[PDB]
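The primary structure of each chain is shown beneath.
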2 protein chains.
Amino acid sequence: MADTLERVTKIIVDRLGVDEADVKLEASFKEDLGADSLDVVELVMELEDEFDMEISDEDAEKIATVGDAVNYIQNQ
Amino acid sequence: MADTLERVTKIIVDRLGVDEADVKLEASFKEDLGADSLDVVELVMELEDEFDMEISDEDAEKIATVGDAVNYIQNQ
Ligand SMILES: [Pt+2]
Ligand SMILES: [Pt+2]
Ligand SMILES: [Pt+2]
Ligand SMILES: [Pt+2]
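Residues numbered from 1 in each chain as written, not as in the entry; some residues may be left out. Chains lettered and ligands numbered in written order. Heavy atoms only, no water.

## Overview of the overall build of chain A
Rules: For helices the rule is a DSSP run of H or I covering at least 4 residues; for strands it is a run of E covering at least 2, with both sets numbered from the N terminus onward. Burial here depends on accessible area, computed with a 1.4 Å probe over protein chains only, as a share of the maximum for the residue type. Under 20% is buried, over 50% is exposed, and the range in between is partly exposed. Throughout, a residue-residue contact means that at least one pair of heavy atoms, one from each residue, lies within 4.5 Å. Neither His nor the chain ends is counted toward charge; the positive residues are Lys and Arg and the negative residues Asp and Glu. Positions of charges follow a simple convention, taking NZ of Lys, CZ of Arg, CG of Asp or CD of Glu.
Helix and strand counts for chain A stand at four helices and zero strands. Here the C-alpha coordinates of chain A stretch approximately 25 × 25 × 20 Å along the principal axes. Per-residue burial over chain A gives 45% buried out of 76 residues. Within chain A, counting contacts between residues at least 6 apart in sequence, those at least 24 apart form 49% of the total. Charge-centre separation for chain A: the mean point of 6 positive side chains lies 2 Å from the mean point of 23 negative side chains.

This is how it looks when you write it as structure tokens:
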């Protein structure tokens with residue numbers, strides 16, 4: 001769904017201050033979008049709450065890229 | 001962008017007759033969405049035209065999944 005990706009993208013733009021055009025699926029939060037580790041924890045917390053789901057420690061660590069985040073949401 | 005994924009998803013639904021809920025990024029056209037090889041060529045042709053872009057033989061062959069298709073679009 002497009003609504004899911006709009007919601008994910010809105011949050012990344014809110015937190016990381018990047019252009020929407022830079023929020024591609026392959027973009028990694030740290031290497032491409034300027035997030036550091038505190039930011040990334042914060043993003044995941046925020047995504048969890050937006051989609052009313054709990055992500056485990058083990059699964060959250062696999063989330064390097066925008067696409068990784070959407071994949072997890074889409075599998076719940 | 002959400003508009004890009006809405007456009008990709010509309011086409012897959014049109015051609016393959018699957019529910020929107022089944023059009024996840026990790027879903028492969030052949031193994032998950034019931035497309036055969038003729039369908040896949042047809043999808044790519046259709047996506048090319050929707051986004052006014054030409055995909056090479058070499059790149060189109062790497063497109064197994066919905067996410068693979070969106071990635072290519074997003075990199076052009
Ligand atoms: Pt969805
Ligand atoms: Pt991906
Ligand atoms: Pt886009
Ligand atoms: Pt992917």
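Having seen it, we continue.
## Re the relation of the copies chain A and chain B
Note the following rule: Copies share a common frame after least-squares superposition on their C-alpha atoms.
In the superposition of chain A on chain B (RMSD 0.0 Å, axial shift 0.0 Å), the rotation amounts to 180°. On the angle and the small slide along the axis, the relation comes out as a two-fold axis. Relative to the rotation axis, the closest C-alpha in chain A is found at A2 of chain A, a distance of 2.4 Å. Residue by residue, 100% of the interface of chain A is reproduced at the interface of chain B, so both copies engage with the same surface.

## Some remarks on the side chain of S28 of chain A
All names here are of chain A. Condition: Counting of polar contacts relies on pairs of N or O atoms within 3.5 Å, with two restrictions inside protein: one atom must be capable of donating a hydrogen and the other of accepting it, and residues adjacent in sequence are counted only when both atoms are side-chain atoms.
Here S28 shows up in the loop between helix 1 (2-16) and helix 2 (37-50). What makes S28 buried here is its relative accessible area of 6%. In this structure the side chain of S28 is engaged in a polar contact, spanning 3.0 Å, whose partner is the backbone nitrogen of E31. The contacts of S28, once residues within four sequence positions are left out, are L33, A64 and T65.

## Here we look at the pattern of salt bridges
Put simply, the rule reads: Throughout this description, the term salt bridge denotes a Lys or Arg side-chain nitrogen within 4 Å of a carboxyl oxygen of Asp or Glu.
Under the definition given, this model contains six salt bridges over all chains. Two residues, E50 of chain B and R7 of chain B, come together in a salt bridge whose shortest N-O distance is 2.8 Å. Of the two residues, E50 of chain B sits in helix 2 (residues 37-50) while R7 of chain B sits in helix 1 (residues 2-16), which places them 43 residues apart along the sequence. Take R7 of chain B: its relative accessible area is 27%, and that puts it in the partly exposed class. Through salt bridges that share partners, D3, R7 and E50 of chain A make up one connected network.

## Some points on the interface of chain A and chain B
We apply this condition: Each of two parts loses accessible area, computed with a 1.4 Å probe, when they are put together; buried area is these two losses added. Each residue gets one of three labels, nonpolar for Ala, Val, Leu, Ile, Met, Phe, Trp, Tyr, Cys and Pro, charged for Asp, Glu, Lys and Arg, and polar for the others, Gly among them.
The partner chain B presents 14 residues to the 14 residues of chain A that form the contact. When chain A packs against chain B, the two sides together hide about 1,300 Å² of surface, and 50% of this comes from carbon and sulfur. Contact with chain B buries area across many residues of chain A, yet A2, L25 and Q74 of chain A alone supply 35% of it, more than any other trio. Across the chain A-chain B interface, the total number found is six residue pairs in polar contact. Elements with a contribution of two residues or more to the side of chain A that touches chain B: helix 1 and helix 4 (66-74) of chain A. At four residues, the largest contribution of residues to the side of chain A that touches chain B is made by helix 4 of chain A. Per-class residue counts for the side of chain A that touches chain B are six nonpolar, four polar and four charged.

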